[PDB]
Amino acid sequence: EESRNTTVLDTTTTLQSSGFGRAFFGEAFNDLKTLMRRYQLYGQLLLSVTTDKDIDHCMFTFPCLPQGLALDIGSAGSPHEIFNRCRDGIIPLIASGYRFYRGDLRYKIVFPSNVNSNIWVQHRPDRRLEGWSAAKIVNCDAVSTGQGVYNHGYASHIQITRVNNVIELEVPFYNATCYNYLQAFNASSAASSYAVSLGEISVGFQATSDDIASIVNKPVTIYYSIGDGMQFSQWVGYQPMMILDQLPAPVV
Amino acid sequence: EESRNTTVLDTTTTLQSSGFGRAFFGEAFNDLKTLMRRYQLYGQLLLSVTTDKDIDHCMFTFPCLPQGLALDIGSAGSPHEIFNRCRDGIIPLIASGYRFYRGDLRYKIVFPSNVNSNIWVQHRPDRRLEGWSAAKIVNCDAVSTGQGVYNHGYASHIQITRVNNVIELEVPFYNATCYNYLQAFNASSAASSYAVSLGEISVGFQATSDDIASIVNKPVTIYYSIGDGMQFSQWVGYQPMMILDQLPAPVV
Amino acid sequence: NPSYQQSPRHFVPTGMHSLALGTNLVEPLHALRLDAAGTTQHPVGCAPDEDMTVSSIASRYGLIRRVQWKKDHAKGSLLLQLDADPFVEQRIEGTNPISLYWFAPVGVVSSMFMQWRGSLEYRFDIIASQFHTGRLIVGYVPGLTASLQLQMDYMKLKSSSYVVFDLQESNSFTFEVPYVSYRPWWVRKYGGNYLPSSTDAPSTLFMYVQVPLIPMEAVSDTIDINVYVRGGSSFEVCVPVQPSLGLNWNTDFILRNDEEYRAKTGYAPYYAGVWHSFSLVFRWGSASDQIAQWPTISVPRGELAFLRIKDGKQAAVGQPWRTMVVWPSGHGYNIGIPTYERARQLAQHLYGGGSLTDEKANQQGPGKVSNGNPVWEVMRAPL
Amino acid sequence: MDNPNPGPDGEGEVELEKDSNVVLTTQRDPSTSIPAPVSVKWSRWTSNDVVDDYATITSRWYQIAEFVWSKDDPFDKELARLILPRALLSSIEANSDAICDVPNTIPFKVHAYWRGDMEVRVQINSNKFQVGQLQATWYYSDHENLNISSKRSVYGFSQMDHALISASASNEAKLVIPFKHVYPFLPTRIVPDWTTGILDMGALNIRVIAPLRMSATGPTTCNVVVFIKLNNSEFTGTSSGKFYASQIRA
């Protein structure tokens, strides 16, 4: 059995329990659900406009999942230095150790401040996630389907960039499942792909093609926490880890 | 009779009622009045100044009705991609299935952020709606009547664009009717046209002709919900629908 | 004047209230009413007879199928194999380029939602006199994919749930279709205009002919069977998403193929006007640096292209400007130069290796803008 | 149960429906369909004139439509688009005489405005061996809608509540239509703020869901007769009869 304990050959005395730092620091760290609610950087992108965008056209999209995105180090010339150097963060390091999840997510998208244009945000729970490839932030090209535009019935919110350039969200668990998958996802079953991400958030600017030039190559950073309903269910052990301070230094 | 039920040949057992998603998602979706209060895009327009506008001159107008406007796909070269591709939304899809309405509407007009000028908004319940043709957003030309200017006694509000570029409204039921018409409207009777829209909202900028150049071809998007007093009365079945994912893709 | 010296609040601004939330939420507004406590009222004859409610819209039969049941049908002939979802289909045989469709009220009220579950109810009105005798299976196979949709008969149907109806005197019955799936809900069939996330039905409804029709020699050999759909007592839908349906109130649809040419979005209407950094050029506004920008024409190496509008009535009118040469001005965008043959020679100069500043206003006049964003035809010629 | 003993008197029970001096009988039970609950009176809000329902004359039945329904009529087929407060008058003017000649409609000649309910009985006289089915559907304000020209089919009127008239059962269609117009009164004549579309509450329209089916020597035709009662009425605005103009022929 795993956690069996045959003969405890104890040489120790009693050690005074601090209450996971409650006695020293005034706060307990036993519950790992409340450490998961500290906001972690989810994604990081430069706004790259390809074709002439209408007011409806979504600037970028991303599938919304607590597992972390398919990790974008970046191009081999210009790497995103946090996901290159500070690999994976905390929430998929804890969600790496579980199998199922049932709950909500929070996002707090941070926009550039040079832009002024009004920003809409759609949650689209219809969208299936076709594999861990393209489980990432997609700078959208010219519109071919209803994926690429503002849509009607889905839950949206419009942040005014002139008042405050951060929209803060609560993306609900709108799946027809018991719980969703939490590791990396290869999409074996065709309906299994309805059960990975909570939905598919698309952020779009309402600017015309004359104000679209101030938008180009400005950073948009996304955060996430797990929003008080998140319950990771089945214990699955961790995979092989990589130690970060053994990564090579950029030799001059 | 319609809902008669002669011989129910039931093979089923009992299925556990979820409460319209209350058991799974923490919220019921039975009442369709509260889904109607999610804001839907009402209209979408580019500010096109034709003649030299005074401070009084209304920039645009629109008749205010829950049926949805006469749907502007756009010009054959440049279509408005949401009303082209995502046809009609939710509130006239539910209001397509009823005949009369009695209630209020909300608007939440979203202005561009490049402009700074102070914006006035008139509600004009005097205005009759002469047919479904020109039941749409009218970019106003040179002033000939009192339609084209700011007026005194009507209920107005002035949004300061420098504080927040969104004015949020509650357009009351100021008709002399029992309830108003809800399908598309051909204006048979001359007084029937007093009974379609709640009124006729006109939005106008207070800018002179030197600041009018920053206004030109900026988008103004309008929303609407139905505002807690809206009661659609007579059940009328739906018309022929069109399926959206059978619409042709833009072949490269 | 007491001085208030305590520390004040420390908020976050946001520009707008929630668009998504709609139930348990006092939403502040700017009412255009005169009374701040005023609410629209419903007197005794203006009363709402119909509660707007999914379980009252979906609980209404809508005719969905008309079935021709003749005498010469054998003891296994299929009458319908429609799917066991609320999106049962009746297509109109019309001449429109996009086909309209009839739906039951359960289908339209279920098309605005992502998911659905629960029993459906099909009412079969077998329009017959008391002298027609027949008998028909209305069965239900849980879980048929489209490859297993064929190879059916009534004998494979009898292994699943089925209902055998005796047409002798009473000539109407309601088969309440079970909800059997692996999933507590079920994702919508069509979706928005998006070809994935288009999930076929949980199961299929069949209707065969168990015992063939035996009509008397005085009554007709044929019988129509009307098939009505209702959301059952257990039918329910949950997540509100983009409706998969549109109205027929405006069936016009604009195909955006890339073969035709026009100005960029936001730079139309435009008129011929002078500009100091460039002679006339198409301008979308009266202020400086408001030139109408133009897309780059995919001209192959060794050729050239000038322009001619498809409709001269929609063009900008100074003569109505029907010809134009699109070329980079040097400020990062393509200007459209109005011409008087001269467009062909200017395209010979520019695509041949020249410039705008090489040696090789009075026609402005009224400055009429174009009719919106008119479609420009690309005429192509060899260099 | 099931003891058939016909006599010289016939077999079944005959039910009646008596009004002022009109009794019309049906062998069969009606297929009633009531699109709205019964309307409140509403003369308190917009009338100081003397208002009286003429229930001893107005609540009688009156035939306003009769039509042959042959088997030559196809599936999706209108049979009668009756505009019912108009069709009561235009049937009389189709009988080539004035409105004042009929007891049911003399207060339309005098009074200016009308609010009331309408009973409609769409009786059929099909044979027992004929097979087919009508539906009788009431639509509120047909002509104030422009996409009704595409809704007007049997798939669209089956969604709202309606009556079914099977040709086998020789069924009768009771249809209680209360007053729901936008304005709480319908003018009987040309009134200052609307002249076009007078006295138009909506349309009873009678489509075909199944056509008539029979043998080669079967009875081809099938007559349908529509009666209307005007029961919970009230008339206001006593005016001259010379301001009443004739209805549009349609």
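The table below gives the values:
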{"item": "Residue satisfying all of: in the stretch C:220-232; part of a loop (DSSP other than H, G, I, E, B) and surrounded by fewer than 22 Cβ atoms within 10 Å (Cβ to Cβ); farthest from the chain's Cα centre (by Cα) among these", "result": "C:221"}
{"item": "Residue list for the stretch C:270-287, filter: within 14 Å of chain A (Cβ to nearest Cβ) and in a loop (DSSP other than H, G, I, E, B)", "result": "C:270, C:284, C:285, C:287"}
{"item": "Segments classed as strands (runs of 3 or more DSSP E), wholly inside the stretch D:87-161, with at least 2 members that are polar (S, T, N, Q) and more than 8 Å from chain B (Cβ to nearest Cβ)", "result": "D:131-140"}
{"item": "Those residues of the stretch D:31-50 which are in contact with a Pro (Cβ under 9 Å, 6 or more places away or on another chain) and within 15 Å of residue D:231 (Cβ to Cβ), in sequence order", "result": "D:34, D:36, D:37, D:38, D:39, D:40"}
{"item": "In the stretch C:12-31, the residues that are more than 7 Å from chain A (Cβ to nearest Cβ) and under 22 Å from residue B:110 (Cβ atoms)", "result": "C:17, C:21, C:22, C:25, C:26, C:27, C:28, C:29, C:30, C:31"}
{"item": "Residues of the stretch C:98-114 satisfying the condition of being within 9 Å of chain B (Cβ to nearest Cβ) and not hydrophobic (A, V, I, L, M, F, W, C)", "result": "C:99, C:101, C:105, C:107, C:111"}
{"item": "Residues of the stretch C:242-261 satisfying the condition of being touching a strand residue (DSSP E or B) at 6+ places or on another chain (Cβ under 6 Å) and either closer than 20 Å to residue A:53 by Cβ or not polar (S, T, N, Q) (or both)", "result": "C:245, C:246, C:254, C:261"}
{"item": "Of all residues in the stretch B:226-246 being more than 7 Å from every other protein chain (Cβ to nearest Cβ) and within 24 Å of residue C:22 (Cβ to Cβ), the one that is surrounded by the most Cβ atoms within 10 Å (Cβ to Cβ)", "result": "B:226"}
{"item": "Boolean, residue C:201 is part of a loop (DSSP other than H, G, I, E, B), under 29 Å from the mean Cα position of the chain (by Cα) and among the aliphatic types (A, V, I, L, M)", "result": "yes"}
{"item": "Among (1) touching a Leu at 6+ places or on another chain (Cβ under 8 Å); (2) closer than 30 Å to residue D:55 by Cα, the one test that residue D:134 misses", "result": "(2)"}
{"item": "Residues being assigned to a loop (DSSP other than H, G, I, E, B) and either buried (at least 20 other Cβ atoms within 10 Å of the Cβ) or among the hydroxyl-bearing types (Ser, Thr, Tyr) (or both) - total across the stretch C:293-313", "result": "3"}
{"item": "Residue among C:223, C:309, C:291 that alone is in the same structural domain as residue C:19 (by CATH) and among the β-branched types (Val, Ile, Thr)", "result": "C:223"}
{"item": "Test: residue in the stretch A:125-141 that is within 9 Å of chain C (Cβ to nearest Cβ), surrounded by 22 or more Cβ atoms within 10 Å (Cβ to Cβ) and more than 19 Å from the chain's Cα centre (by Cα)", "result": "no"}
{"item": "Options D:92, D:124, D:177; residue that is among the β-branched types (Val, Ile, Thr), in contact with a strand residue (DSSP E or B) (Cβ under 9 Å, 6 or more places away or on another chain) and closer than 25 Å to residue C:104 by Cβ", "result": "D:177"}
{"item": "Qualifying residue in the stretch C:205-213 (condition: surrounded by 20 or more Cβ atoms within 10 Å (Cβ to Cβ), part of a loop (DSSP other than H, G, I, E, B), within 7 Å of chain B (Cβ to nearest Cβ) and of a type outside the set (S, T, N, Q))", "result": "no"}
{"item": "Residues satisfying the stated conditions in the stretch B:47-78, i.e. facing chain C (nearest Cβ under 10 Å) and under 9 Å from residue B:139 (Cα atoms)", "result": "B:48, B:49, B:50"}
{"item": "The lone exception for residue A:173 - which of (1) more than 8 Å from chain C (Cβ to nearest Cβ); (2) outside any strand (DSSP E or B); (3) over 27 Å from residue C:111 (Cβ atoms) it fails", "result": "(3)"}
{"item": "Options C:194, C:190: the member that is of a type outside the set (A, V, I, L, M, F, W, C), within 27 Å of the chain's Cα centre (by Cα), within 11 Å of another protein chain (Cβ to nearest Cβ) and surrounded by fewer than 22 Cβ atoms within 10 Å (Cβ to Cβ)", "result": "C:190"}
{"item": "Extreme residue, farthest from residue B:213 (Cα to Cα), among residues of the stretch B:81-132 that are assigned to a strand (DSSP E or B) and charged (D, E, K, R)", "result": "B:102"}
{"item": "Within the stretch C:47-58, considering residues that are facing another protein chain (nearest Cβ under 7 Å) and assigned to a loop (DSSP other than H, G, I, E, B), the one surrounded by the most Cβ atoms within 10 Å (Cβ to Cβ)", "result": "C:52"}
{"item": "Boolean, residue A:118 is buried (at least 20 other Cβ atoms within 10 Å of the Cβ) and not acidic (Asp, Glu)", "result": "yes"}
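Rundown of residues vs (1) in contact with a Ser or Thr (Cβ under 8 Å, 6 or more places away or on another chain); (2) farther than 12 Å from residue C:282 by Cβ; (3) within 14 Å of chain B (Cβ to nearest Cβ), yes/no style:
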{"position": "C:315", "(1), (2), (3)": "yes, no, yes"}
{"position": "C:330", "(1), (2), (3)": "no, yes, no"}
{"position": "C:334", "(1), (2), (3)": "yes, no, no"}
{"position": "C:354", "(1), (2), (3)": "no, yes, no"}
{"position": "C:370", "(1), (2), (3)": "no, no, yes"}
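This table checks each residue for (1) more than 16 Å from the chain's Cα centre (by Cα); (2) among the acidic types (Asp, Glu).
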position	(1), (2)
B:163	yes, no
B:174	yes, no
B:190	yes, no
B:196	no, no
B:201	no, no
B:211	yes, yes
B:214	yes, no
B:237	yes, no
B:247	yes, no
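A quick yes/no check of all residues on (1) closer than 21 Å to residue B:75 by Cβ; (2) in a loop (DSSP other than H, G, I, E, B); (3) in contact with a helix residue (DSSP H, G or I) (Cβ under 7 Å, 6 or more places away or on another chain):
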| residue | (1), (2), (3) |
| --- | --- |
| C:326 | yes, no, no |
| C:332 | no, yes, no |
| C:346 | no, no, no |
| C:359 | no, yes, no |
| C:366 | no, yes, no |
| C:370 | yes, yes, no |
| C:380 | no, no, no |
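Using ideal geometry, Cβ is built from the backbone for each residue, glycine included, and neighbour counts are taken over all protein chains shown. All of this is worked out from the model, or read from it or from the source named; no laboratory instrument gave them.
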